[PDB]
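Undergrad: For reference, this is work.cif, and it has mmCIF, C-alpha atoms and all ligand atoms.
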data_my_file
loop_
_atom_site.group_PDB
_atom_site.id
_atom_site.type_symbol
_atom_site.label_atom_id
_atom_site.label_comp_id
_atom_site.auth_asym_id
_atom_site.auth_seq_id
_atom_site.Cartn_x
_atom_site.Cartn_y
_atom_site.Cartn_z
ATOM 1 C CA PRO S 1 19.684 5.435 6.999
ATOM 2 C CA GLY S 2 21.197 8.702 8.156
ATOM 3 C CA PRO S 3 22.965 11.414 6.161
ATOM 4 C CA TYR S 4 25.429 10.499 3.437
ATOM 5 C CA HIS S 5 29.002 10.783 4.724
ATOM 6 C CA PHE S 6 31.601 10.184 2.027
ATOM 7 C CA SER S 7 34.197 9.787 4.800
ATOM 8 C CA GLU S 8 32.850 6.268 5.493
ATOM 9 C CA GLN S 9 32.460 5.098 1.883
ATOM 10 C CA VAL S 10 34.732 2.349 0.568
ATOM 11 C CA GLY S 11 35.877 4.583 -2.291
ATOM 12 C CA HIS S 12 37.084 7.353 0.024
ATOM 13 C CA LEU S 13 38.981 4.777 2.090
ATOM 14 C CA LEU S 14 40.490 3.243 -1.054
ATOM 15 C CA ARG S 15 41.635 6.639 -2.327
ATOM 16 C CA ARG S 16 43.180 7.622 1.005
ATOM 17 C CA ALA S 17 44.944 4.273 1.440
ATOM 18 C CA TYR S 18 46.292 4.430 -2.119
ATOM 19 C CA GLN S 19 47.515 8.014 -1.615
ATOM 20 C CA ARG S 20 49.291 7.045 1.603
ATOM 21 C CA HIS S 21 50.919 4.031 -0.054
ATOM 22 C CA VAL S 22 52.001 6.172 -3.017
ATOM 23 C CA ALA S 23 53.575 8.631 -0.584
ATOM 24 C CA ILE S 24 55.423 5.735 1.078
ATOM 25 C CA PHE S 25 56.611 4.373 -2.285
ATOM 26 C CA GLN S 26 57.883 7.810 -3.317
ATOM 27 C CA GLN S 27 59.554 8.465 0.046
ATOM 28 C CA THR S 28 61.395 5.115 -0.045
ATOM 29 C CA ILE S 29 62.281 4.821 -3.764
ATOM 30 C CA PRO S 30 62.984 8.290 -5.210
ATOM 31 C CA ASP S 31 60.557 9.189 -7.993
ATOM 32 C CA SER S 32 63.587 10.348 -10.006
ATOM 33 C CA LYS S 33 65.141 6.875 -10.349
ATOM 34 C CA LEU S 34 62.066 4.734 -11.074
ATOM 35 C CA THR S 35 58.330 5.227 -10.863
ATOM 36 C CA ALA S 36 55.983 2.520 -9.626
ATOM 37 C CA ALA S 37 54.705 2.231 -13.204
ATOM 38 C CA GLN S 38 58.181 1.811 -14.722
ATOM 39 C CA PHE S 39 59.254 -0.527 -11.906
ATOM 40 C CA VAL S 40 56.185 -2.725 -12.406
ATOM 41 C CA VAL S 41 56.615 -2.797 -16.201
ATOM 42 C CA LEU S 42 60.242 -3.895 -15.827
ATOM 43 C CA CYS S 43 59.264 -6.494 -13.216
ATOM 44 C CA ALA S 44 56.625 -7.848 -15.609
ATOM 45 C CA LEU S 45 59.216 -8.119 -18.384
ATOM 46 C CA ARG S 46 61.465 -9.945 -15.911
ATOM 47 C CA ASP S 47 58.761 -12.379 -14.778
ATOM 48 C CA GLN S 48 57.269 -13.223 -18.186
ATOM 49 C CA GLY S 49 60.295 -12.785 -20.456
ATOM 50 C CA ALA S 50 59.528 -11.235 -23.813
ATOM 51 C CA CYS S 51 56.119 -9.569 -23.675
ATOM 52 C CA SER S 52 53.920 -7.754 -26.152
ATOM 53 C CA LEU S 53 51.941 -4.618 -25.359
ATOM 54 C CA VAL S 54 48.847 -6.769 -24.792
ATOM 55 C CA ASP S 55 50.833 -9.048 -22.468
ATOM 56 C CA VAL S 56 52.288 -6.085 -20.562
ATOM 57 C CA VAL S 57 48.814 -4.559 -20.164
ATOM 58 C CA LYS S 58 47.130 -7.791 -19.047
ATOM 59 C CA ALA S 59 49.942 -8.514 -16.564
ATOM 60 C CA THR S 60 50.489 -4.934 -15.363
ATOM 61 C CA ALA S 61 46.879 -3.646 -15.230
ATOM 62 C CA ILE S 62 47.937 -0.331 -16.762
ATOM 63 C CA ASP S 63 46.134 1.139 -19.764
ATOM 64 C CA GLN S 64 47.703 0.776 -23.208
ATOM 65 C CA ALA S 65 48.593 4.482 -23.423
ATOM 66 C CA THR S 66 50.420 4.706 -20.087
ATOM 67 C CA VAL S 67 52.199 1.433 -20.875
ATOM 68 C CA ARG S 68 53.333 2.840 -24.239
ATOM 69 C CA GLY S 69 54.640 5.998 -22.576
ATOM 70 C CA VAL S 70 56.507 3.993 -19.934
ATOM 71 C CA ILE S 71 57.942 1.736 -22.656
ATOM 72 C CA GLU S 72 59.297 4.780 -24.479
ATOM 73 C CA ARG S 73 60.760 6.311 -21.313
ATOM 74 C CA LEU S 74 62.459 3.020 -20.383
ATOM 75 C CA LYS S 75 63.735 2.127 -23.862
ATOM 76 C CA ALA S 76 65.398 5.548 -23.875
ATOM 77 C CA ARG S 77 67.338 4.484 -20.754
ATOM 78 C CA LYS S 78 68.351 1.136 -22.336
ATOM 79 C CA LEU S 79 66.322 -0.555 -19.590
ATOM 80 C CA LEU S 80 64.151 -2.435 -22.098
ATOM 81 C CA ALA S 81 64.405 -3.421 -25.752
ATOM 82 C CA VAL S 82 61.854 -3.343 -28.576
ATOM 83 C CA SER S 83 62.167 -6.283 -30.992
ATOM 84 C CA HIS S 84 59.973 -7.534 -33.827
ATOM 85 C CA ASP S 85 57.402 -10.298 -33.202
ATOM 86 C CA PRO S 86 58.831 -13.638 -34.411
ATOM 87 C CA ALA S 87 55.272 -14.271 -35.650
ATOM 88 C CA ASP S 88 53.999 -10.828 -36.724
ATOM 89 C CA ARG S 89 56.794 -8.745 -38.292
ATOM 90 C CA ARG S 90 54.540 -5.696 -37.842
ATOM 91 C CA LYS S 91 54.137 -6.144 -34.079
ATOM 92 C CA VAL S 92 56.187 -5.047 -31.090
ATOM 93 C CA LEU S 93 57.814 -7.388 -28.560
ATOM 94 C CA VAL S 94 59.360 -5.927 -25.412
ATOM 95 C CA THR S 95 62.306 -7.637 -23.722
ATOM 96 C CA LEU S 96 64.421 -6.948 -20.652
ATOM 97 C CA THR S 97 68.000 -5.667 -20.751
ATOM 98 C CA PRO S 98 70.873 -6.435 -18.366
ATOM 99 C CA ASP S 99 70.656 -2.823 -17.185
ATOM 100 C CA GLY S 100 66.920 -3.260 -16.648
ATOM 101 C CA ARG S 101 67.332 -6.490 -14.686
ATOM 102 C CA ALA S 102 70.101 -4.874 -12.637
ATOM 103 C CA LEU S 103 67.840 -1.945 -11.774
ATOM 104 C CA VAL S 104 64.971 -4.303 -10.872
ATOM 105 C CA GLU S 105 67.208 -6.360 -8.576
ATOM 106 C CA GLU S 106 68.588 -3.152 -7.052
ATOM 107 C CA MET S 107 65.100 -1.851 -6.243
ATOM 108 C CA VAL S 108 63.384 -5.087 -5.093
ATOM 109 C CA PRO S 109 64.441 -4.788 -1.397
ATOM 110 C CA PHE S 110 63.014 -1.262 -1.330
ATOM 111 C CA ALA S 111 59.687 -2.413 -2.769
ATOM 112 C CA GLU S 112 59.596 -5.081 -0.059
ATOM 113 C CA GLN S 113 60.248 -2.414 2.588
ATOM 114 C CA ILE S 114 57.452 -0.405 0.953
ATOM 115 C CA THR S 115 55.020 -3.313 1.221
ATOM 116 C CA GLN S 116 55.977 -3.750 4.880
ATOM 117 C CA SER S 117 55.647 -0.061 5.806
ATOM 118 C CA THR S 118 52.384 0.235 3.855
ATOM 119 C CA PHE S 119 50.802 -2.570 5.896
ATOM 120 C CA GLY S 120 51.687 -0.587 9.012
ATOM 121 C CA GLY S 121 50.411 -2.211 12.177
ATOM 122 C CA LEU S 122 48.229 -4.856 10.517
ATOM 123 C CA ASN S 123 48.598 -8.296 12.073
ATOM 124 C CA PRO S 124 49.262 -11.273 9.741
ATOM 125 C CA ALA S 125 45.573 -12.150 9.455
ATOM 126 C CA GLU S 126 44.713 -8.521 8.665
ATOM 127 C CA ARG S 127 47.434 -8.424 5.988
ATOM 128 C CA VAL S 128 46.146 -11.577 4.284
ATOM 129 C CA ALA S 129 42.613 -10.202 4.609
ATOM 130 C CA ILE S 130 43.354 -6.846 2.988
ATOM 131 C CA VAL S 131 45.189 -8.403 0.048
ATOM 132 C CA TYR S 132 42.464 -11.057 -0.368
ATOM 133 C CA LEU S 133 39.679 -8.475 -0.359
ATOM 134 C CA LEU S 134 41.464 -6.013 -2.638
ATOM 135 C CA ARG S 135 41.949 -8.857 -5.133
ATOM 136 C CA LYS S 136 38.372 -10.136 -4.804
ATOM 137 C CA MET S 137 36.973 -6.621 -5.268
ATOM 138 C CA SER S 138 38.871 -6.071 -8.555
ATOM 139 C CA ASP S 139 36.792 -8.553 -10.596
ATOM 140 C CA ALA S 140 33.302 -8.751 -12.092
ATOM 141 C CA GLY P 1 61.481 -14.221 -0.872
ATOM 142 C CA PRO P 2 60.737 -13.766 -4.574
ATOM 143 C CA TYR P 3 59.101 -10.473 -5.503
ATOM 144 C CA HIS P 4 55.674 -10.642 -7.147
ATOM 145 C CA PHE P 5 54.306 -7.155 -7.742
ATOM 146 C CA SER P 6 50.958 -8.742 -8.637
ATOM 147 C CA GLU P 7 50.401 -9.771 -4.991
ATOM 148 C CA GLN P 8 51.760 -6.666 -3.239
ATOM 149 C CA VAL P 9 49.294 -4.459 -1.377
ATOM 150 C CA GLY P 10 50.210 -1.430 -3.483
ATOM 151 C CA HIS P 11 49.300 -3.105 -6.776
ATOM 152 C CA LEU P 12 45.987 -4.265 -5.300
ATOM 153 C CA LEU P 13 45.213 -0.811 -3.876
ATOM 154 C CA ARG P 14 45.984 0.785 -7.240
ATOM 155 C CA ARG P 15 43.773 -1.704 -9.082
ATOM 156 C CA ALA P 16 40.861 -1.359 -6.648
ATOM 157 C CA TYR P 17 41.037 2.441 -6.635
ATOM 158 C CA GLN P 18 41.229 2.596 -10.443
ATOM 159 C CA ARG P 19 38.249 0.256 -10.817
ATOM 160 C CA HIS P 20 36.232 2.326 -8.335
ATOM 161 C CA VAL P 21 37.215 5.507 -10.193
ATOM 162 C CA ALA P 22 36.065 3.927 -13.454
ATOM 163 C CA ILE P 23 32.753 3.088 -11.753
ATOM 164 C CA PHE P 24 32.395 6.621 -10.368
ATOM 165 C CA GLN P 25 33.065 8.114 -13.810
ATOM 166 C CA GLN P 26 30.729 5.614 -15.494
ATOM 167 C CA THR P 27 27.837 6.632 -13.216
ATOM 168 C CA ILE P 28 28.583 10.331 -12.601
ATOM 169 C CA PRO P 29 29.868 11.970 -15.824
ATOM 170 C CA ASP P 30 32.877 14.294 -15.571
ATOM 171 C CA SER P 31 30.796 16.885 -17.433
ATOM 172 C CA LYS P 32 28.617 17.455 -14.361
ATOM 173 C CA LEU P 33 30.990 16.747 -11.459
ATOM 174 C CA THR P 34 34.350 15.185 -10.726
ATOM 175 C CA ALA P 35 34.778 13.095 -7.586
ATOM 176 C CA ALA P 36 36.872 15.901 -6.073
ATOM 177 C CA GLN P 37 34.267 18.590 -6.805
ATOM 178 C CA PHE P 38 31.492 16.347 -5.467
ATOM 179 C CA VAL P 39 33.387 15.624 -2.245
ATOM 180 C CA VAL P 40 34.180 19.312 -1.667
ATOM 181 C CA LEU P 41 30.520 20.225 -2.198
ATOM 182 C CA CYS P 42 29.456 17.466 0.203
ATOM 183 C CA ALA P 43 31.891 18.885 2.763
ATOM 184 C CA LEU P 44 30.365 22.352 2.330
ATOM 185 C CA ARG P 45 26.897 20.876 2.847
ATOM 186 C CA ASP P 46 27.887 18.802 5.897
ATOM 187 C CA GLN P 47 29.999 21.430 7.689
ATOM 188 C CA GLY P 48 28.358 24.691 6.580
ATOM 189 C CA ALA P 49 30.707 27.601 5.970
ATOM 190 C CA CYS P 50 34.275 26.317 5.733
ATOM 191 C CA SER P 51 37.780 27.704 5.396
ATOM 192 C CA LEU P 52 40.514 26.052 3.344
ATOM 193 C CA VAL P 53 41.761 24.228 6.458
ATOM 194 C CA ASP P 54 38.275 22.889 7.224
ATOM 195 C CA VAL P 55 37.715 21.741 3.631
ATOM 196 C CA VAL P 56 41.139 20.066 3.652
ATOM 197 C CA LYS P 57 40.611 18.249 6.959
ATOM 198 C CA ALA P 58 37.145 17.090 5.861
ATOM 199 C CA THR P 59 37.964 16.328 2.212
ATOM 200 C CA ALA P 60 41.395 14.622 2.483
ATOM 201 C CA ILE P 61 42.632 16.495 -0.589
ATOM 202 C CA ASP P 62 45.851 18.485 -0.500
ATOM 203 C CA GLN P 63 45.339 22.201 0.078
ATOM 204 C CA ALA P 64 46.612 23.239 -3.367
ATOM 205 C CA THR P 65 44.318 20.792 -5.169
ATOM 206 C CA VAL P 66 41.486 22.006 -2.924
ATOM 207 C CA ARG P 67 42.175 25.557 -4.112
ATOM 208 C CA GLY P 68 42.069 24.380 -7.724
ATOM 209 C CA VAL P 69 38.774 22.538 -7.205
ATOM 210 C CA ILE P 70 37.295 25.519 -5.332
ATOM 211 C CA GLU P 71 38.222 27.828 -8.211
ATOM 212 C CA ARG P 72 36.775 25.445 -10.805
ATOM 213 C CA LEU P 73 33.537 25.329 -8.783
ATOM 214 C CA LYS P 74 33.236 29.072 -8.103
ATOM 215 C CA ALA P 75 33.617 29.585 -11.853
ATOM 216 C CA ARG P 76 30.623 27.240 -12.266
ATOM 217 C CA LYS P 77 28.556 29.153 -9.651
ATOM 218 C CA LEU P 78 28.319 26.025 -7.477
ATOM 219 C CA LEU P 79 29.925 27.696 -4.440
ATOM 220 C CA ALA P 80 30.658 31.218 -3.227
ATOM 221 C CA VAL P 81 33.812 32.771 -1.771
ATOM 222 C CA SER P 82 33.094 35.381 0.911
ATOM 223 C CA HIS P 83 35.926 36.771 3.017
ATOM 224 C CA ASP P 84 35.611 36.420 6.774
ATOM 225 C CA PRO P 85 35.299 39.796 8.548
ATOM 226 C CA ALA P 86 37.450 38.389 11.380
ATOM 227 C CA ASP P 87 40.524 38.051 9.122
ATOM 228 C CA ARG P 88 41.963 39.148 5.775
ATOM 229 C CA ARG P 89 44.046 35.992 5.293
ATOM 230 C CA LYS P 90 40.949 33.841 5.800
ATOM 231 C CA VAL P 91 38.829 32.591 2.921
ATOM 232 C CA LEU P 92 35.248 31.499 3.567
ATOM 233 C CA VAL P 93 33.512 29.166 1.117
ATOM 234 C CA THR P 94 29.766 28.561 1.249
ATOM 235 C CA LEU P 95 27.312 26.460 -0.724
ATOM 236 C CA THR P 96 24.991 27.870 -3.353
ATOM 237 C CA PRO P 97 21.426 26.685 -4.048
ATOM 238 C CA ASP P 98 22.586 25.159 -7.339
ATOM 239 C CA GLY P 99 25.450 23.505 -5.470
ATOM 240 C CA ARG P 100 23.167 21.955 -2.855
ATOM 241 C CA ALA P 101 20.782 20.875 -5.615
ATOM 242 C CA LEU P 102 23.611 19.132 -7.470
ATOM 243 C CA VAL P 103 24.850 17.490 -4.245
ATOM 244 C CA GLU P 104 21.378 16.172 -3.399
ATOM 245 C CA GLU P 105 20.892 15.071 -7.014
ATOM 246 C CA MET P 106 24.133 13.082 -7.030
ATOM 247 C CA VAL P 107 24.073 11.525 -3.528
ATOM 248 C CA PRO P 108 21.898 8.527 -4.600
ATOM 249 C CA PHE P 109 24.291 7.813 -7.470
ATOM 250 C CA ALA P 110 27.326 8.109 -5.196
ATOM 251 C CA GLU P 111 25.685 5.521 -2.930
ATOM 252 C CA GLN P 112 25.003 3.312 -5.954
ATOM 253 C CA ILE P 113 28.695 3.756 -6.795
ATOM 254 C CA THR P 114 29.775 2.695 -3.306
ATOM 255 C CA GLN P 115 27.508 -0.341 -3.720
ATOM 256 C CA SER P 116 28.881 -1.196 -7.182
ATOM 257 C CA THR P 117 32.475 -0.817 -5.957
ATOM 258 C CA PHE P 118 31.857 -3.439 -3.256
ATOM 259 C CA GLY P 119 31.129 -5.912 -6.044
ATOM 260 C CA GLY P 120 30.699 -9.485 -4.863
ATOM 261 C CA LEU P 121 31.931 -9.055 -1.286
ATOM 262 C CA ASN P 122 29.578 -10.570 1.255
ATOM 263 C CA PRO P 123 28.613 -8.244 4.143
ATOM 264 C CA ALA P 124 31.393 -9.548 6.408
ATOM 265 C CA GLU P 125 33.944 -8.905 3.652
ATOM 266 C CA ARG P 126 32.575 -5.361 3.282
ATOM 267 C CA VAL P 127 32.896 -4.675 7.014
ATOM 268 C CA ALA P 128 36.421 -6.062 6.739
ATOM 269 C CA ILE P 129 37.439 -3.977 3.719
ATOM 270 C CA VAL P 130 36.276 -0.705 5.272
ATOM 271 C CA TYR P 131 37.800 -1.718 8.626
ATOM 272 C CA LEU P 132 41.182 -2.486 7.053
ATOM 273 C CA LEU P 133 41.289 0.504 4.708
ATOM 274 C CA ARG P 134 40.545 2.766 7.683
ATOM 275 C CA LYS P 135 42.984 0.981 10.035
ATOM 276 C CA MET P 136 45.805 1.040 7.463
ATOM 277 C CA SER P 137 45.559 4.815 6.966
ATOM 278 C CA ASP P 138 46.313 5.483 10.672
ATOM 279 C CA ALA P 139 49.986 5.032 11.600
HETATM 280 O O1 LIG S 201 37.336 10.943 -1.384
HETATM 281 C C1 LIG S 201 37.116 10.562 -2.563
HETATM 282 O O2 LIG S 201 37.889 10.911 -3.488
HETATM 283 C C2 LIG S 201 35.903 9.694 -2.888
HETATM 284 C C3 LIG S 201 34.832 9.594 -2.011
HETATM 285 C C4 LIG S 201 33.743 8.801 -2.335
HETATM 286 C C5 LIG S 201 33.759 8.122 -3.541
HETATM 287 O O3 LIG S 201 32.676 7.309 -3.906
HETATM 288 N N1 LIG S 201 34.792 8.242 -4.349
HETATM 289 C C6 LIG S 201 35.844 8.985 -4.073
HETATM 290 O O1 LIG S 202 51.439 -1.264 -9.635
HETATM 291 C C1 LIG S 202 51.811 -0.362 -8.840
HETATM 292 O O2 LIG S 202 51.559 0.843 -9.101
HETATM 293 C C2 LIG S 202 52.562 -0.733 -7.561
HETATM 294 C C3 LIG S 202 53.149 -1.982 -7.411
HETATM 295 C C4 LIG S 202 53.828 -2.305 -6.246
HETATM 296 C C5 LIG S 202 53.902 -1.350 -5.248
HETATM 297 O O3 LIG S 202 54.579 -1.630 -4.051
HETATM 298 N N1 LIG S 202 53.337 -0.174 -5.423
HETATM 299 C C6 LIG S 202 52.683 0.165 -6.516
#
Here is a file; write its structure as structure tokens.
Ligand SMILES: O=C(O)c1ccc(O)nc1
Ligand SMILES: O=C(O)c1ccc(O)nc1
TA:
Amino acid sequence: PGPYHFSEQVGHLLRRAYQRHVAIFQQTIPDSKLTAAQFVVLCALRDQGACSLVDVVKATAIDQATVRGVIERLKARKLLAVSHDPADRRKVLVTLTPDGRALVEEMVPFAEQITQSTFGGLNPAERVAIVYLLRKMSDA
Amino acid sequence: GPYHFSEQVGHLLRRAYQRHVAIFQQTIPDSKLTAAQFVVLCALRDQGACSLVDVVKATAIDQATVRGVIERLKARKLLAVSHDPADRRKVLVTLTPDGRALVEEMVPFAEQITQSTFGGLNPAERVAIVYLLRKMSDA
């Protein structure tokens, strides 16, 4: 088999690629204005309308705790709203604000630039392949 | 075009890396070793005596985090910190017998983890995923 080299394991490559992409995201959209987590939570609220914590988790693939923290940090900025479930008066329902939608629409071109710079020199087939495989790998 | 975060390469990278980290933690408990500690120990085993620059270049972890991991391991008597006699601003980290024993004990599980991370990819898809993740990091 040969010695074990972590440098050629799929996990090492995943970590390094994710770190590089996070550096690109932070260098293009300043971490001060919006984080990838906050940006994705707001985009989910925009795409699905009013969402509950379970909906935001299942759509955002972020654990309940980090989603709750992001929800607090964004509600403080009047970028999302917290209403009462029209079916469970003891549940939360998160909705998007005009300020939140305005921030999402302001940042979208930068996220597209981030996707393009992250791909780097990959040709179209290689881009489709990497997104296909990263999606296929994230399921049982 | 419309923006879907769900189909952007960053969301997919985050999801894949988080799933692989969950696998790594589900097979190798944090109590024994973290992925960072394991990778630094493997670097010490593969390269011998290393300085902070060598451990960084081999481990792909930022120098400050490498210092933190090295401290957390020297406290556990899994590596040793001897100062080079050819410099005073040079650190020299070496592997201990307990460190090499832990590395050799965990290597089969790290390989099992690499295998579990691959999931249902057929061999061609595996060649492709490692090819693309390596090609994308170089620009
Ligand atoms: O470089 C890393 O952090 C790494 C390397 C191998 C693995 O299985 N998981 C993580
Ligand atoms: O879900 C995330 O963290 C994410 C989503 C999109 C992007 O470009 N980068 C990171």
Undergrad: Would you list the contacts of residue 41 of chain P as a short mmCIF file (atom, residue, chain, number, x, y, z; two decimals) with C-alpha atoms, in the coordinates of the input, taking every protein, DNA or RNA residue within 12 Å and counting only C-alpha atoms, but skipping same-chain residues closer than 3 positions in sequence?
TA:
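For reference, around20.cif as written:
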data_model
loop_
_atom_site.label_atom_id
_atom_site.label_comp_id
_atom_site.auth_asym_id
_atom_site.auth_seq_id
_atom_site.Cartn_x
_atom_site.Cartn_y
_atom_site.Cartn_z
CA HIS S 5 29.00 10.78 4.72
CA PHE S 6 31.60 10.18 2.03
CA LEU P 33 30.99 16.75 -11.46
CA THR P 34 34.35 15.18 -10.73
CA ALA P 35 34.78 13.10 -7.59
CA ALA P 36 36.87 15.90 -6.07
CA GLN P 37 34.27 18.59 -6.80
CA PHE P 38 31.49 16.35 -5.47
CA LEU P 44 30.36 22.35 2.33
CA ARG P 45 26.90 20.88 2.85
CA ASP P 46 27.89 18.80 5.90
CA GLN P 47 30.00 21.43 7.69
CA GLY P 48 28.36 24.69 6.58
CA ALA P 49 30.71 27.60 5.97
CA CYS P 50 34.28 26.32 5.73
CA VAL P 55 37.72 21.74 3.63
CA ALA P 58 37.15 17.09 5.86
CA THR P 59 37.96 16.33 2.21
CA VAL P 66 41.49 22.01 -2.92
CA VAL P 69 38.77 22.54 -7.20
CA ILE P 70 37.30 25.52 -5.33
CA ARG P 72 36.78 25.44 -10.80
CA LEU P 73 33.54 25.33 -8.78
CA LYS P 74 33.24 29.07 -8.10
CA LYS P 77 28.56 29.15 -9.65
CA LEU P 78 28.32 26.02 -7.48
CA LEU P 79 29.92 27.70 -4.44
CA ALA P 80 30.66 31.22 -3.23
CA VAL P 93 33.51 29.17 1.12
CA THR P 94 29.77 28.56 1.25
CA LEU P 95 27.31 26.46 -0.72
CA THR P 96 24.99 27.87 -3.35
CA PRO P 97 21.43 26.68 -4.05
CA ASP P 98 22.59 25.16 -7.34
CA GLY P 99 25.45 23.50 -5.47
CA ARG P 100 23.17 21.96 -2.86
CA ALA P 101 20.78 20.88 -5.62
CA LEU P 102 23.61 19.13 -7.47
CA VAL P 103 24.85 17.49 -4.24
CA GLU P 104 21.38 16.17 -3.40
CA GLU P 105 20.89 15.07 -7.01
CA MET P 106 24.13 13.08 -7.03
CA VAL P 107 24.07 11.52 -3.53
#
Undergrad: Could you tell me, as a PyMOL selection string, exactly which residues end up selected when the PyMOL selection byres (((not hetatm)) within 7 of (chain S and resi 202)) is applied to this structure?
TA: (chain S and resi 22+25+36-37+40+60+111+114-115) or (chain P and resi 5+8-11+14)
Undergrad: Please save C-alpha atoms of the selected residues as an mmCIF file, in the coordinates of the input.
TA:
data_model
loop_
_atom_site.group_PDB
_atom_site.id
_atom_site.type_symbol
_atom_site.label_atom_id
_atom_site.label_comp_id
_atom_site.auth_asym_id
_atom_site.auth_seq_id
_atom_site.Cartn_x
_atom_site.Cartn_y
_atom_site.Cartn_z
ATOM 1 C CA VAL S 22 52.001 6.172 -3.017
ATOM 2 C CA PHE S 25 56.611 4.373 -2.285
ATOM 3 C CA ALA S 36 55.983 2.520 -9.626
ATOM 4 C CA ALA S 37 54.705 2.231 -13.204
ATOM 5 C CA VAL S 40 56.185 -2.725 -12.406
ATOM 6 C CA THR S 60 50.489 -4.934 -15.363
ATOM 7 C CA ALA S 111 59.687 -2.413 -2.769
ATOM 8 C CA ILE S 114 57.452 -0.405 0.953
ATOM 9 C CA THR S 115 55.020 -3.313 1.221
ATOM 10 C CA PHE P 5 54.306 -7.155 -7.742
ATOM 11 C CA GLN P 8 51.760 -6.666 -3.239
ATOM 12 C CA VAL P 9 49.294 -4.459 -1.377
ATOM 13 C CA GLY P 10 50.210 -1.430 -3.483
ATOM 14 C CA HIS P 11 49.300 -3.105 -6.776
ATOM 15 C CA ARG P 14 45.984 0.785 -7.240
#
Undergrad: Is it possible to get the residues within 7 Å of (49.4, 4.6, 7.1) (coordinates as in the file, counting only C-alpha atoms) written as JSON, numbers by chain?
TA: {"S": [20, 118, 120], "P": [136, 137, 138, 139]}
Undergrad: Kindly compile the residues surrounding ligand LIG 201 (chain S) within 10 Å, counting only C-alpha atoms and all ligand atoms, and format them as an mmCIF file with C-alpha atoms, in the coordinates of the input.
TA:
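To be explicit, this is the file written out as part17.cif:
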data_model
loop_
_atom_site.group_PDB
_atom_site.id
_atom_site.type_symbol
_atom_site.label_atom_id
_atom_site.label_comp_id
_atom_site.auth_asym_id
_atom_site.auth_seq_id
_atom_site.Cartn_x
_atom_site.Cartn_y
_atom_site.Cartn_z
ATOM 1 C CA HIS S 5 29.002 10.783 4.724
ATOM 2 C CA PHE S 6 31.601 10.184 2.027
ATOM 3 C CA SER S 7 34.197 9.787 4.800
ATOM 4 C CA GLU S 8 32.850 6.268 5.493
ATOM 5 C CA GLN S 9 32.460 5.098 1.883
ATOM 6 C CA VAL S 10 34.732 2.349 0.568
ATOM 7 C CA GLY S 11 35.877 4.583 -2.291
ATOM 8 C CA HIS S 12 37.084 7.353 0.024
ATOM 9 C CA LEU S 13 38.981 4.777 2.090
ATOM 10 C CA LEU S 14 40.490 3.243 -1.054
ATOM 11 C CA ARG S 15 41.635 6.639 -2.327
ATOM 12 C CA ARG S 16 43.180 7.622 1.005
ATOM 13 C CA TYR P 17 41.037 2.441 -6.635
ATOM 14 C CA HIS P 20 36.232 2.326 -8.335
ATOM 15 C CA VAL P 21 37.215 5.507 -10.193
ATOM 16 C CA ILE P 23 32.753 3.088 -11.753
ATOM 17 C CA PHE P 24 32.395 6.621 -10.368
ATOM 18 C CA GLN P 25 33.065 8.114 -13.810
ATOM 19 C CA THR P 34 34.350 15.185 -10.726
ATOM 20 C CA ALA P 35 34.778 13.095 -7.586
ATOM 21 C CA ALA P 36 36.872 15.901 -6.073
ATOM 22 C CA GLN P 37 34.267 18.590 -6.805
ATOM 23 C CA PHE P 38 31.492 16.347 -5.467
ATOM 24 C CA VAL P 39 33.387 15.624 -2.245
ATOM 25 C CA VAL P 40 34.180 19.312 -1.667
ATOM 26 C CA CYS P 42 29.456 17.466 0.203
ATOM 27 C CA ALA P 58 37.145 17.090 5.861
ATOM 28 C CA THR P 59 37.964 16.328 2.212
ATOM 29 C CA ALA P 60 41.395 14.622 2.483
ATOM 30 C CA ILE P 61 42.632 16.495 -0.589
ATOM 31 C CA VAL P 107 24.073 11.525 -3.528
ATOM 32 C CA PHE P 109 24.291 7.813 -7.470
ATOM 33 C CA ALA P 110 27.326 8.109 -5.196
ATOM 34 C CA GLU P 111 25.685 5.521 -2.930
ATOM 35 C CA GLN P 112 25.003 3.312 -5.954
ATOM 36 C CA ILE P 113 28.695 3.756 -6.795
ATOM 37 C CA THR P 114 29.775 2.695 -3.306
ATOM 38 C CA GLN P 115 27.508 -0.341 -3.720
ATOM 39 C CA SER P 116 28.881 -1.196 -7.182
ATOM 40 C CA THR P 117 32.475 -0.817 -5.957
#
Undergrad: Looking at S:121, S:2, S:98, S:30, which one is nearest to chain P, with distances taken over only C-alpha atoms?
TA: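 With only C-alpha atoms as the atom set, the closest residue is S:121.
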Undergrad: Which residues fall under the PyMOL selection byres (((chain P and resi 119) around 9) and not hetatm) in this file, as a list in words?
TA: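 That expression, the PyMOL selection byres (((chain P and resi 119) around 9) and not hetatm), corresponds here to residues 136, 137, 138, 139 and 140 of chain S; 115, 116, 117, 118, 120, 121 and 122 of chain P.
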Undergrad: Write the residues of the preceding selection, restricted to C-alpha atoms, as a PDB file, in the frame of the given file.
TA:
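Output saved as selection-v5.pdb:
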ATOM      1  CA  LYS S 136      38.372 -10.136  -4.804  1.00  0.00           C
ATOM      2  CA  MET S 137      36.973  -6.621  -5.268  1.00  0.00           C
ATOM      3  CA  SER S 138      38.871  -6.071  -8.555  1.00  0.00           C
ATOM      4  CA  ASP S 139      36.792  -8.553 -10.596  1.00  0.00           C
ATOM      5  CA  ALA S 140      33.302  -8.751 -12.092  1.00  0.00           C
TER       6      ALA S 140
ATOM      7  CA  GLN P 115      27.508  -0.341  -3.720  1.00  0.00           C
ATOM      8  CA  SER P 116      28.881  -1.196  -7.182  1.00  0.00           C
ATOM      9  CA  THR P 117      32.475  -0.817  -5.957  1.00  0.00           C
ATOM     10  CA  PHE P 118      31.857  -3.439  -3.256  1.00  0.00           C
ATOM     11  CA  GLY P 120      30.699  -9.485  -4.863  1.00  0.00           C
ATOM     12  CA  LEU P 121      31.931  -9.055  -1.286  1.00  0.00           C
ATOM     13  CA  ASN P 122      29.578 -10.570   1.255  1.00  0.00           C
TER      14      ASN P 122
END
